[PDB]
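S.K.: Dumping the structure here so I can ask a few things about it.
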Amino acid sequence: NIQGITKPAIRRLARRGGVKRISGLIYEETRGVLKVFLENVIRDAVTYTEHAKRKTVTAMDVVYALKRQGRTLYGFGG
Amino acid sequence: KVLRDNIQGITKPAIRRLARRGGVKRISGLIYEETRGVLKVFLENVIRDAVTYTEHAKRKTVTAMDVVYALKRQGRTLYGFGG
Amino acid sequence: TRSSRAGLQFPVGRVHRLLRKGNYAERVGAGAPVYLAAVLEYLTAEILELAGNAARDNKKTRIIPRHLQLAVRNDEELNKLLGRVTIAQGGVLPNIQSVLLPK
Amino acid sequence: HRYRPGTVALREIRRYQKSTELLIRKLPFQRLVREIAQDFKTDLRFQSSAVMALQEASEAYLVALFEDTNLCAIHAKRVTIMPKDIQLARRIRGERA
Amino acid sequence: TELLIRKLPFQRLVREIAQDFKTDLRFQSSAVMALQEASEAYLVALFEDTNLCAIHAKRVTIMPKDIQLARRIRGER
Amino acid sequence: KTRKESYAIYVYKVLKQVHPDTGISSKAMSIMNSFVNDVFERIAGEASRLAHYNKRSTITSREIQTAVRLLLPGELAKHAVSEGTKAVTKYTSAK
């Protein structure tokens with residue numbers, strides 16, 4: 001599941017980030033960091049959705065979650 | 001009375017002590033001027049916000065709450081002076 | 001309308017209504033919606049100006065988000081304003097570190 | 001023939017920095033999000049727009065983190081990013097303790 | 001926990017700084033004190049991050065590029 | 001069918017005001033709308049805090065002017081004050 005974030009996808013992300021050479025343990029470290037970030041953001045989004053008494057996590061819940069974390073995103077009904 | 005070159009009022013031993021509280025053991029030579037510049041920028045921003053708050057307040061004196069508000073703005077909230 | 005009375009293209013009535021129900025204060029003045037609408041209208045005017053410039057540079061007639069990202073990040077002041085904002089499908093500016101370049 | 005190591009990497013850097021499309025294939029990321037959410041509340045449903053927003057935010061954050069990691073690695077006279085680089089960048093950022 | 005920056009040079013520096021934004025400005029001593037506390041906390045944190053950077057360079061002496069790296073990573077400009 | 005609102009048309013008229021022979025994509029309009037909402041929220045909240053700090057009940061043009069100067073970097077803030085003062089003055093001219 002978490003391994004579904006493929007090693008080459010991480011290389012592509014790093015390449016867009018300007019990285020030339022990548023270490024082996026990097027990929028696992030990035031999987032962990034992405035896991036933590038998604039955990040926090042989804043936790044806030046769920047908190048919002050639960051407070052909305054809805055069984056569907058909506059995009060506005062996600063946007064509010066990133067707004068809380070100081071990671072504001074545009075293009076999804078801000 | 002005019003004020004000039006007060007940034008050098010931040011003496012080398014003061015910055016050295018400050019780094020010591022920061023856990024720094026060995027300090028390079030040109031560091032001191034860069035700490036002066038960084039402190040200069042930080043003071044510039046904080047006092048800009050505080051001065052604007054005073055200007056809305058229509059007061060000729062900066063009050064502590066103005067400084068606290070400005071610090072809260074910079075994501076640098078401070079306790080011990082009100083607010 | 002009042003946007004006509006204020007020479008503005010943004011709706012003064014909407015911003016006044018939003019200021020009221022946005023629980024920002026118990027009472028709201030008259031000039032405040034006009035001033036605020038003007039500020040927003042210029043800010044988007046600057047954004048659209050630079051985005052259209054970038055689209056012309058990329059030889060496109062319709063502005064796509066990448067143009068917006070280029071306009072915001074290339075401009076130092078707009079980049080500072082949107083310092084904690086990620087623009088969807090915005091991408092990143094082309095930037096390669098010197099030591100990574102071939103010798 | 002053969003391209004010398006490190007050249008095709010620069011070519012991909014040029015390629016991906018000019019483009020904006022997402023670099024993680026959708027379905028594995030969606031399944032990962034669904035697994036993570038399941039641990040917080042059961043029988044949950046997601047709007048595709050919400051999932052897309054999550055992917056955009058996550059990918060942008062990862063790209064910024066990789067930028068900081070590359071800067072940190074270069075500061076160490078290095079060219080290869082290694083886990084200590086990510087750790088230091090996260091620490092200075094203040095997200096990791 | 002006592003302050004490391006000496007009070008009077010800091011006060012003179014701040015007065016000059018504020019004068020350049022606007023003239024004829026007075027200060028409550030408590031406001032100057034709060035400014036000094038904030039400055040000292042900020043630069044102590046900055047020195048901590050600098051020392052972290054310097055160790056990452058397999059070095060023991062902090063160098064100006066270390067603070068540049070720390071402030072870049074902090075998102076400061 | 002719910003009648004959701006946005007700023008799209010006004011953004012488009014502004015675009016014509018600055019780039020007449022230029023268009024925009026749909027999600028790009030979404031980004032413009034999100035930016036407008038975010039700036040509105042920031043400035044309005046800043047004015048609200050300004051009102052509380054001075055123990056006053058009204059958010060006037062002065063409060064948002066100082067909020068704009070507080071939130072925006074130098075040159076944009078300068079232009080923003082000029083436009084806001086101009087628009088408010090001309091509105092007070094009309095009736």
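Naming scheme: A, B, ... for chains in displayed order of the structure tokens; residues 1 onward per chain; ligands 1 onward as shown.
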So which residues of region 22-83 of chain B fall under strand (DSSP E or B) by DSSP, listed as a list in words?
M.R.: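 DSSP-assigned strand (DSSP E or B) residues in region 22-83 of chain B: residues 26, 27, 61 and 62 of chain B.
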S.K.: Generate the output file for the selected residues, N, CA, C and O atoms, as a compact mmCIF listing (two decimals), in the first residue's frame.
M.R.:
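Dumped everything to selection30.txt:
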```txt
# COMPACT_ATOMS: atom_id res chain seq x y z
N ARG B 26 32.60 27.40 18.23
CA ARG B 26 33.58 28.14 17.45
C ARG B 26 32.86 29.03 16.45
O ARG B 26 31.94 28.58 15.76
N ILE B 27 33.27 30.29 16.38
CA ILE B 27 32.59 31.32 15.60
C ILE B 27 33.57 31.89 14.58
O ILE B 27 34.70 32.26 14.94
N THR B 61 3.50 57.56 20.86
CA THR B 61 4.36 56.68 21.63
C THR B 61 4.06 55.23 21.28
O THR B 61 2.89 54.84 21.20
N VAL B 62 5.11 54.43 21.09
CA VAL B 62 4.95 52.99 20.91
C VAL B 62 4.70 52.34 22.26
O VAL B 62 5.45 52.55 23.22
```
S.K.: Can you list every residue in chain F that DSSP puts in helix (DSSP H, G or I), as an NGL selection string?
M.R.: :F and (8-18 or 26-53 or 61-71 or 74-93)
S.K.: Can you list every residue of chain F that has an atom at most 8 Å from chain A, with its nearest atom pair and the distance in Å to one decimal, using only C-alpha atoms, ordered by chain then number, as JSON lines?
M.R.:
```
{"residue": "F:27", "atom": "CA", "partner": "A:75", "partner_atom": "CA", "distance": 6.0}
{"residue": "F:28", "atom": "CA", "partner": "A:75", "partner_atom": "CA", "distance": 7.1}
{"residue": "F:30", "atom": "CA", "partner": "A:75", "partner_atom": "CA", "distance": 4.9}
{"residue": "F:31", "atom": "CA", "partner": "A:75", "partner_atom": "CA", "distance": 4.3}
{"residue": "F:32", "atom": "CA", "partner": "A:75", "partner_atom": "CA", "distance": 8.0}
{"residue": "F:33", "atom": "CA", "partner": "A:78", "partner_atom": "CA", "distance": 7.1}
{"residue": "F:34", "atom": "CA", "partner": "A:78", "partner_atom": "CA", "distance": 4.1}
{"residue": "F:35", "atom": "CA", "partner": "A:74", "partner_atom": "CA", "distance": 7.0}
{"residue": "F:37", "atom": "CA", "partner": "A:78", "partner_atom": "CA", "distance": 6.5}
{"residue": "F:38", "atom": "CA", "partner": "A:78", "partner_atom": "CA", "distance": 7.1}
```
S.K.: Store the residues picked out above in a file with C-alpha atoms, as a short mmCIF file (atom, residue, chain, number, x, y, z; two decimals), in the first residue's frame.
M.R.:
```
data_model
loop_
_atom_site.label_atom_id
_atom_site.label_comp_id
_atom_site.auth_asym_id
_atom_site.auth_seq_id
_atom_site.Cartn_x
_atom_site.Cartn_y
_atom_site.Cartn_z
CA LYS F 27 -9.48 25.78 -13.20
CA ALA F 28 -7.39 28.91 -13.66
CA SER F 30 -10.90 28.72 -9.84
CA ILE F 31 -7.38 29.74 -8.76
CA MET F 32 -8.21 33.42 -9.28
CA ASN F 33 -11.37 33.02 -7.21
CA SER F 34 -9.47 31.23 -4.43
CA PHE F 35 -6.86 33.99 -4.41
CA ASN F 37 -11.25 34.87 -1.31
CA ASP F 38 -7.95 34.36 0.54
#
```
S.K.: Per residue of chain D within 6 Å of chain C, what are the shortest atom pair and its distance in Å to one decimal, counting only C-alpha atoms, with rows by chain and residue number, as a tab-separated table?
M.R.:
```
residue	atom	partner	partner_atom	distance
D:17	CA	C:94	CA	5.5
D:20	CA	C:91	CA	4.6
D:56	CA	C:88	CA	5.9
```
S.K.: Could you save the residues just selected, with N, CA and C atoms, as an mmCIF file, in the first residue's frame?
M.R.:
```
data_model
loop_
_atom_site.group_PDB
_atom_site.id
_atom_site.type_symbol
_atom_site.label_atom_id
_atom_site.label_comp_id
_atom_site.auth_asym_id
_atom_site.auth_seq_id
_atom_site.Cartn_x
_atom_site.Cartn_y
_atom_site.Cartn_z
ATOM 1 N N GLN D 17 10.720 20.104 -14.830
ATOM 2 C CA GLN D 17 10.534 21.467 -14.345
ATOM 3 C C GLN D 17 9.736 22.325 -15.318
ATOM 4 N N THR D 20 3.861 20.395 -15.495
ATOM 5 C CA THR D 20 3.121 20.534 -14.250
ATOM 6 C C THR D 20 2.305 19.306 -13.878
ATOM 7 N N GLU D 56 -2.216 17.161 -5.004
ATOM 8 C CA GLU D 56 -1.521 18.390 -5.374
ATOM 9 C C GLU D 56 -0.715 18.931 -4.202
#
```
S.K.: Excluding region 2-15 of chain B and any residue of its chain fewer than 3 positions from it, enumerate the residues within 12 Å of it, using only C-alpha atoms, and give them as an NGL selection string.
M.R.: (:B and (18-22 or 24 or 27-41 or 43-44)) or (:E and (3-20 or 23-24 or 36 or 39-40 or 43-44 or 46-47))
S.K.: Please provide the set of residues having any atom within 10 Å of region 12-29 of chain A, restricted to only C-alpha atoms, with same-chain residues fewer than 4 positions apart removed, written as a PDB file with N, CA and C atoms, in the first residue's frame.
M.R.:
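And here's out-v3.pdb as it stands now:
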```
ATOM      1  N   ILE A   2       1.548   1.506   1.118  1.00  0.00           N
ATOM      2  CA  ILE A   2       2.468   2.638   1.189  1.00  0.00           C
ATOM      3  C   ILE A   2       3.576   2.477   0.158  1.00  0.00           C
ATOM      4  N   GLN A   3       3.996   1.234  -0.088  1.00  0.00           N
ATOM      5  CA  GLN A   3       4.986   0.966  -1.124  1.00  0.00           C
ATOM      6  C   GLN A   3       4.461   1.292  -2.516  1.00  0.00           C
ATOM      7  N   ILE A   5       3.704   4.051  -3.538  1.00  0.00           N
ATOM      8  CA  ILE A   5       4.477   5.215  -3.958  1.00  0.00           C
ATOM      9  C   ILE A   5       5.813   4.706  -4.470  1.00  0.00           C
ATOM     10  N   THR A   6       5.907   4.491  -5.778  1.00  0.00           N
ATOM     11  CA  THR A   6       7.065   3.807  -6.334  1.00  0.00           C
ATOM     12  C   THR A   6       8.329   4.651  -6.217  1.00  0.00           C
ATOM     13  N   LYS A   7       9.445   3.964  -5.972  1.00  0.00           N
ATOM     14  CA  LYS A   7      10.793   4.518  -6.108  1.00  0.00           C
ATOM     15  C   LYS A   7      10.955   5.450  -7.308  1.00  0.00           C
ATOM     16  N   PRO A   8      10.608   5.064  -8.542  1.00  0.00           N
ATOM     17  CA  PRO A   8      10.724   6.016  -9.662  1.00  0.00           C
ATOM     18  C   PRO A   8       9.840   7.240  -9.533  1.00  0.00           C
ATOM     19  N   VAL A  33       7.966  10.371   5.371  1.00  0.00           N
ATOM     20  CA  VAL A  33       7.592  11.781   5.477  1.00  0.00           C
ATOM     21  C   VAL A  33       6.223  12.021   4.847  1.00  0.00           C
ATOM     22  N   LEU A  34       5.994  11.437   3.670  1.00  0.00           N
ATOM     23  CA  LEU A  34       4.696  11.553   3.017  1.00  0.00           C
ATOM     24  C   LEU A  34       3.603  10.927   3.868  1.00  0.00           C
ATOM     25  N   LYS A  35       3.901   9.790   4.502  1.00  0.00           N
ATOM     26  CA  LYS A  35       2.945   9.175   5.413  1.00  0.00           C
ATOM     27  C   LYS A  35       2.572  10.131   6.535  1.00  0.00           C
TER      28      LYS A  35
ATOM     29  N   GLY C  91       3.416  23.908 -10.855  1.00  0.00           N
ATOM     30  CA  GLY C  91       4.771  23.511 -11.131  1.00  0.00           C
ATOM     31  C   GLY C  91       5.763  24.414 -10.420  1.00  0.00           C
ATOM     32  N   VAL C  92       7.003  24.340 -10.899  1.00  0.00           N
ATOM     33  CA  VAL C  92       8.106  25.091 -10.324  1.00  0.00           C
ATOM     34  C   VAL C  92       8.836  25.829 -11.435  1.00  0.00           C
ATOM     35  N   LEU C  93       9.571  26.863 -11.039  1.00  0.00           N
ATOM     36  CA  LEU C  93      10.401  27.589 -11.984  1.00  0.00           C
ATOM     37  C   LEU C  93      11.590  26.728 -12.406  1.00  0.00           C
ATOM     38  N   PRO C  94      12.079  26.904 -13.634  1.00  0.00           N
ATOM     39  CA  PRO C  94      13.308  26.211 -14.047  1.00  0.00           C
ATOM     40  C   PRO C  94      14.500  26.765 -13.280  1.00  0.00           C
ATOM     41  N   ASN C  95      15.167  25.894 -12.529  1.00  0.00           N
ATOM     42  CA  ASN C  95      16.296  26.312 -11.703  1.00  0.00           C
ATOM     43  C   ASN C  95      17.169  25.099 -11.438  1.00  0.00           C
ATOM     44  N   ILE C  96      18.412  25.146 -11.907  1.00  0.00           N
ATOM     45  CA  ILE C  96      19.377  24.070 -11.721  1.00  0.00           C
ATOM     46  C   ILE C  96      20.594  24.644 -11.012  1.00  0.00           C
ATOM     47  N   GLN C  97      21.027  23.973  -9.949  1.00  0.00           N
ATOM     48  CA  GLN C  97      22.171  24.439  -9.181  1.00  0.00           C
ATOM     49  C   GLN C  97      23.451  24.326  -9.999  1.00  0.00           C
ATOM     50  N   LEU C 100      25.652  21.165 -10.046  1.00  0.00           N
ATOM     51  CA  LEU C 100      25.029  20.038 -10.728  1.00  0.00           C
ATOM     52  C   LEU C 100      25.221  20.087 -12.236  1.00  0.00           C
ATOM     53  N   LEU C 101      25.599  21.242 -12.780  1.00  0.00           N
ATOM     54  CA  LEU C 101      25.777  21.372 -14.215  1.00  0.00           C
ATOM     55  C   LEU C 101      27.041  20.642 -14.670  1.00  0.00           C
TER      56      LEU C 101
ATOM     57  N   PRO D   5      27.031   8.974 -17.054  1.00  0.00           N
ATOM     58  CA  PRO D   5      26.123   9.110 -15.908  1.00  0.00           C
ATOM     59  C   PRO D   5      26.023  10.555 -15.439  1.00  0.00           C
ATOM     60  N   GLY D   6      24.796  10.984 -15.155  1.00  0.00           N
ATOM     61  CA  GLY D   6      24.528  12.326 -14.684  1.00  0.00           C
ATOM     62  C   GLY D   6      23.986  13.277 -15.730  1.00  0.00           C
ATOM     63  N   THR D   7      24.031  12.908 -17.010  1.00  0.00           N
ATOM     64  CA  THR D   7      23.536  13.772 -18.076  1.00  0.00           C
ATOM     65  C   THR D   7      22.033  13.604 -18.289  1.00  0.00           C
ATOM     66  N   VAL D   8      21.575  12.354 -18.372  1.00  0.00           N
ATOM     67  CA  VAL D   8      20.148  12.089 -18.525  1.00  0.00           C
ATOM     68  C   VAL D   8      19.383  12.593 -17.313  1.00  0.00           C
ATOM     69  N   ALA D   9      20.010  12.577 -16.136  1.00  0.00           N
ATOM     70  CA  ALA D   9      19.373  13.146 -14.953  1.00  0.00           C
ATOM     71  C   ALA D   9      19.105  14.634 -15.138  1.00  0.00           C
ATOM     72  N   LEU D  10      20.083  15.371 -15.670  1.00  0.00           N
ATOM     73  CA  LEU D  10      19.864  16.783 -15.963  1.00  0.00           C
ATOM     74  C   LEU D  10      18.780  16.960 -17.016  1.00  0.00           C
ATOM     75  N   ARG D  11      18.743  16.069 -18.011  1.00  0.00           N
ATOM     76  CA  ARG D  11      17.685  16.148 -19.016  1.00  0.00           C
ATOM     77  C   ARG D  11      16.305  15.980 -18.392  1.00  0.00           C
ATOM     78  N   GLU D  12      16.152  15.024 -17.472  1.00  0.00           N
ATOM     79  CA  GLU D  12      14.866  14.866 -16.795  1.00  0.00           C
ATOM     80  C   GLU D  12      14.545  16.073 -15.922  1.00  0.00           C
ATOM     81  N   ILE D  13      15.555  16.637 -15.255  1.00  0.00           N
ATOM     82  CA  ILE D  13      15.335  17.847 -14.463  1.00  0.00           C
ATOM     83  C   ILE D  13      14.762  18.951 -15.342  1.00  0.00           C
ATOM     84  N   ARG D  14      15.361  19.158 -16.515  1.00  0.00           N
ATOM     85  CA  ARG D  14      14.820  20.133 -17.458  1.00  0.00           C
ATOM     86  C   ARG D  14      13.409  19.751 -17.892  1.00  0.00           C
ATOM     87  N   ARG D  15      13.187  18.464 -18.161  1.00  0.00           N
ATOM     88  CA  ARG D  15      11.889  18.003 -18.643  1.00  0.00           C
ATOM     89  C   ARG D  15      10.792  18.248 -17.614  1.00  0.00           C
ATOM     90  N   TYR D  16      11.009  17.806 -16.376  1.00  0.00           N
ATOM     91  CA  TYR D  16       9.942  17.842 -15.382  1.00  0.00           C
ATOM     92  C   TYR D  16       9.697  19.245 -14.840  1.00  0.00           C
ATOM     93  N   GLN D  17      10.720  20.104 -14.830  1.00  0.00           N
ATOM     94  CA  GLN D  17      10.534  21.467 -14.345  1.00  0.00           C
ATOM     95  C   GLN D  17       9.736  22.325 -15.318  1.00  0.00           C
ATOM     96  N   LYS D  18       9.688  21.947 -16.595  1.00  0.00           N
ATOM     97  CA  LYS D  18       8.879  22.651 -17.580  1.00  0.00           C
ATOM     98  C   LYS D  18       7.432  22.179 -17.605  1.00  0.00           C
ATOM     99  N   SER D  19       7.125  21.075 -16.934  1.00  0.00           N
ATOM    100  CA  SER D  19       5.798  20.484 -16.943  1.00  0.00           C
ATOM    101  C   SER D  19       5.188  20.528 -15.547  1.00  0.00           C
ATOM    102  N   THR D  20       3.861  20.395 -15.495  1.00  0.00           N
ATOM    103  CA  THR D  20       3.121  20.534 -14.250  1.00  0.00           C
ATOM    104  C   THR D  20       2.305  19.306 -13.878  1.00  0.00           C
ATOM    105  N   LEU D  22       0.977  15.738 -12.566  1.00  0.00           N
ATOM    106  CA  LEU D  22       1.359  15.022 -11.359  1.00  0.00           C
ATOM    107  C   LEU D  22       2.273  13.851 -11.700  1.00  0.00           C
ATOM    108  N   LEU D  23       3.204  13.567 -10.790  1.00  0.00           N
ATOM    109  CA  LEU D  23       4.233  12.566 -11.020  1.00  0.00           C
ATOM    110  C   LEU D  23       3.958  11.241 -10.323  1.00  0.00           C
ATOM    111  N   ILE D  24       2.944  11.174  -9.468  1.00  0.00           N
ATOM    112  CA  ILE D  24       2.518   9.926  -8.846  1.00  0.00           C
ATOM    113  C   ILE D  24       1.269   9.448  -9.570  1.00  0.00           C
ATOM    114  N   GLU D  59       2.314  16.522  -3.398  1.00  0.00           N
ATOM    115  CA  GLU D  59       3.390  16.588  -4.381  1.00  0.00           C
ATOM    116  C   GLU D  59       4.138  17.912  -4.297  1.00  0.00           C
ATOM    117  N   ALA D  60       3.415  19.026  -4.135  1.00  0.00           N
ATOM    118  CA  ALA D  60       4.088  20.316  -4.013  1.00  0.00           C
ATOM    119  C   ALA D  60       4.966  20.366  -2.768  1.00  0.00           C
ATOM    120  N   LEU D  62       6.346  17.791  -1.285  1.00  0.00           N
ATOM    121  CA  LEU D  62       7.495  16.925  -1.520  1.00  0.00           C
ATOM    122  C   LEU D  62       8.528  17.605  -2.408  1.00  0.00           C
ATOM    123  N   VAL D  63       8.079  18.339  -3.428  1.00  0.00           N
ATOM    124  CA  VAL D  63       9.020  19.041  -4.301  1.00  0.00           C
ATOM    125  C   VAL D  63       9.776  20.113  -3.527  1.00  0.00           C
ATOM    126  N   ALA D  64       9.068  20.882  -2.693  1.00  0.00           N
ATOM    127  CA  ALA D  64       9.747  21.891  -1.883  1.00  0.00           C
ATOM    128  C   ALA D  64      10.743  21.249  -0.920  1.00  0.00           C
ATOM    129  N   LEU D  65      10.347  20.138  -0.296  1.00  0.00           N
ATOM    130  CA  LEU D  65      11.241  19.433   0.614  1.00  0.00           C
ATOM    131  C   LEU D  65      12.471  18.910  -0.114  1.00  0.00           C
ATOM    132  N   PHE D  66      12.291  18.395  -1.332  1.00  0.00           N
ATOM    133  CA  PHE D  66      13.430  17.935  -2.120  1.00  0.00           C
ATOM    134  C   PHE D  66      14.344  19.092  -2.500  1.00  0.00           C
ATOM    135  N   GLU D  67      13.769  20.258  -2.798  1.00  0.00           N
ATOM    136  CA  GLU D  67      14.589  21.440  -3.053  1.00  0.00           C
ATOM    137  C   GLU D  67      15.460  21.766  -1.846  1.00  0.00           C
ATOM    138  N   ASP D  68      14.848  21.809  -0.661  1.00  0.00           N
ATOM    139  CA  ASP D  68      15.612  22.090   0.552  1.00  0.00           C
ATOM    140  C   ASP D  68      16.658  21.012   0.810  1.00  0.00           C
ATOM    141  N   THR D  69      16.307  19.751   0.553  1.00  0.00           N
ATOM    142  CA  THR D  69      17.244  18.651   0.736  1.00  0.00           C
ATOM    143  C   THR D  69      18.440  18.776  -0.198  1.00  0.00           C
ATOM    144  N   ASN D  70      18.194  19.134  -1.459  1.00  0.00           N
ATOM    145  CA  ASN D  70      19.285  19.332  -2.406  1.00  0.00           C
ATOM    146  C   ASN D  70      20.174  20.488  -1.974  1.00  0.00           C
ATOM    147  N   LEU D  71      19.568  21.575  -1.490  1.00  0.00           N
ATOM    148  CA  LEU D  71      20.362  22.692  -0.985  1.00  0.00           C
ATOM    149  C   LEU D  71      21.236  22.256   0.184  1.00  0.00           C
ATOM    150  N   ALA D  73      22.293  19.196   0.885  1.00  0.00           N
ATOM    151  CA  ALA D  73      23.333  18.300   0.389  1.00  0.00           C
ATOM    152  C   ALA D  73      24.456  19.078  -0.284  1.00  0.00           C
ATOM    153  N   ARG D  78      28.251  18.004  -1.244  1.00  0.00           N
ATOM    154  CA  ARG D  78      27.764  16.765  -1.825  1.00  0.00           C
ATOM    155  C   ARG D  78      26.837  17.031  -3.002  1.00  0.00           C
ATOM    156  N   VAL D  79      26.660  15.993  -3.815  1.00  0.00           N
ATOM    157  CA  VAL D  79      25.725  16.027  -4.933  1.00  0.00           C
ATOM    158  C   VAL D  79      24.536  15.104  -4.721  1.00  0.00           C
ATOM    159  N   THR D  80      24.674  14.070  -3.897  1.00  0.00           N
ATOM    160  CA  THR D  80      23.621  13.093  -3.660  1.00  0.00           C
ATOM    161  C   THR D  80      22.889  13.444  -2.374  1.00  0.00           C
ATOM    162  N   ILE D  81      21.559  13.498  -2.443  1.00  0.00           N
ATOM    163  CA  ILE D  81      20.766  13.680  -1.237  1.00  0.00           C
ATOM    164  C   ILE D  81      20.722  12.374  -0.454  1.00  0.00           C
ATOM    165  N   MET D  82      20.911  12.471   0.857  1.00  0.00           N
ATOM    166  CA  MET D  82      20.915  11.326   1.752  1.00  0.00           C
ATOM    167  C   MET D  82      20.052  11.627   2.969  1.00  0.00           C
ATOM    168  N   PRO D  83      19.510  10.591   3.631  1.00  0.00           N
ATOM    169  CA  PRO D  83      18.488  10.825   4.672  1.00  0.00           C
ATOM    170  C   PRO D  83      18.833  11.896   5.696  1.00  0.00           C
ATOM    171  N   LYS D  84      20.106  12.036   6.079  1.00  0.00           N
ATOM    172  CA  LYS D  84      20.465  13.102   7.010  1.00  0.00           C
ATOM    173  C   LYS D  84      20.116  14.472   6.446  1.00  0.00           C
ATOM    174  N   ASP D  85      20.159  14.624   5.122  1.00  0.00           N
ATOM    175  CA  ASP D  85      19.798  15.898   4.510  1.00  0.00           C
ATOM    176  C   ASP D  85      18.323  16.214   4.729  1.00  0.00           C
ATOM    177  N   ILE D  86      17.449  15.239   4.459  1.00  0.00           N
ATOM    178  CA  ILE D  86      16.021  15.425   4.704  1.00  0.00           C
ATOM    179  C   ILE D  86      15.773  15.700   6.179  1.00  0.00           C
ATOM    180  N   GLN D  87      16.466  14.969   7.053  1.00  0.00           N
ATOM    181  CA  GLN D  87      16.281  15.153   8.487  1.00  0.00           C
ATOM    182  C   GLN D  87      16.667  16.564   8.918  1.00  0.00           C
TER     183      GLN D  87
END
```
S.K.: Any idea what's packed within 10 Å of residue 78 (chain C), counting only C-alpha atoms, ignoring anything in its chain fewer than 4 positions away? Could you give it as a PDB file with C-alpha atoms, in the first residue's frame?
M.R.:
```
ATOM      1  CA  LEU C  43      -4.467  42.855  -6.964  1.00  0.00           C
ATOM      2  CA  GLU C  46      -1.686  42.850 -11.437  1.00  0.00           C
ATOM      3  CA  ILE C  47      -1.984  39.058 -11.334  1.00  0.00           C
ATOM      4  CA  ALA C  71       3.841  35.243 -12.874  1.00  0.00           C
ATOM      5  CA  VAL C  72       3.677  34.865  -9.088  1.00  0.00           C
ATOM      6  CA  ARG C  73       7.048  33.192  -8.517  1.00  0.00           C
ATOM      7  CA  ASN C  74       8.978  35.362 -10.987  1.00  0.00           C
ATOM      8  CA  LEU C  82       1.705  34.082  -1.748  1.00  0.00           C
ATOM      9  CA  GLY C  83       4.559  32.651   0.288  1.00  0.00           C
TER      10      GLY C  83
ATOM     11  CA  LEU F  72       0.998  43.671   1.736  1.00  0.00           C
ATOM     12  CA  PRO F  73       4.661  44.171   0.844  1.00  0.00           C
ATOM     13  CA  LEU F  76       1.927  46.682  -3.819  1.00  0.00           C
TER      14      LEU F  76
END
```
S.K.: Grab the CA of residue 60 (chain A) to CA of residue 28 (chain D) distance for me, in Å with one decimal place.
M.R.: 22.6 Å
S.K.: Give me the residues within 8 Å of residue 34 (chain C) as a ChimeraX atom specification, counting only C-alpha atoms and dropping any in the same chain fewer than 6 places off.
M.R.: /C:3,6,12 /F:84,87-88,91
S.K.: Can you work out which one of B:77, B:57, B:72, B:67 has the shortest atom-to-atom distance to chain F, counting only C-alpha atoms?
M.R.: B:57
S.K.: Compute the set of chain F residues within 10 Å of chain B, using only C-alpha atoms, and express it as a PyMOL selection string.
M.R.: chain F and resi 46+49-51+53-54+62-63+65-67+69-71
S.K.: Keeping C-alpha atoms for every residue in the selection just given, could you write it to a file as an mmCIF file, in the first residue's frame?
M.R.:
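And here's out-v3.cif as it stands now:
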```cif
data_model
loop_
_atom_site.group_PDB
_atom_site.id
_atom_site.type_symbol
_atom_site.label_atom_id
_atom_site.label_comp_id
_atom_site.auth_asym_id
_atom_site.auth_seq_id
_atom_site.Cartn_x
_atom_site.Cartn_y
_atom_site.Cartn_z
ATOM 1 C CA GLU F 46 -6.734 42.009 9.988
ATOM 2 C CA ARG F 49 -8.252 42.531 14.932
ATOM 3 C CA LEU F 50 -7.443 46.205 14.375
ATOM 4 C CA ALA F 51 -10.921 47.132 15.599
ATOM 5 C CA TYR F 53 -7.118 46.276 19.512
ATOM 6 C CA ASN F 54 -8.360 49.884 19.621
ATOM 7 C CA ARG F 62 -9.122 53.535 7.635
ATOM 8 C CA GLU F 63 -9.018 50.094 9.262
ATOM 9 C CA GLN F 65 -6.277 50.757 4.641
ATOM 10 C CA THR F 66 -3.930 50.089 7.549
ATOM 11 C CA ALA F 67 -4.667 46.356 7.251
ATOM 12 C CA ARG F 69 -0.429 48.332 4.527
ATOM 13 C CA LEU F 70 0.144 45.719 7.235
ATOM 14 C CA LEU F 71 -0.474 42.658 5.035
#
```
S.K.: Report, in Å with one decimal, the straight-line distance from CA of residue 91 (chain D) to CA of residue 60 (chain E).
M.R.: 18.6 Å
S.K.: Just to confirm, what's the straight-line distance from CA of residue 75 (chain E) to CA of residue 90 (chain D) in Å (one decimal)?
M.R.: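 About the pair CA of residue 75 (chain E) and CA of residue 90 (chain D): they are 12.1 Å apart.
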S.K.: With a distance cut-off of 12 Å and only C-alpha atoms, select the neighbouring residues of residue 27 (chain D), excluding the residue or stretch itself and same-chain residues fewer than 3 positions from it, and output the selection as JSON, numbers by chain.
M.R.: {"A": [1, 2, 4, 5, 6], "D": [24, 30, 31, 32, 33, 34, 48, 51, 52, 55]}
S.K.: Using only C-alpha atoms and a distance of at most 8 Å, pull out the residues of chain D that contact chain E, as JSON, numbers by chain.
M.R.: {"D": [68, 71, 72, 75, 76, 77, 88, 89, 92, 93]}
S.K.: Go through C:70, C:24, C:17, C:36 one by one, measure the shortest atom-to-atom distance of each to residue 83 (chain F) using only C-alpha atoms, and give the residue with the smallest value.
M.R.: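 Closest to residue 83 (chain F) of all the choices is C:36.
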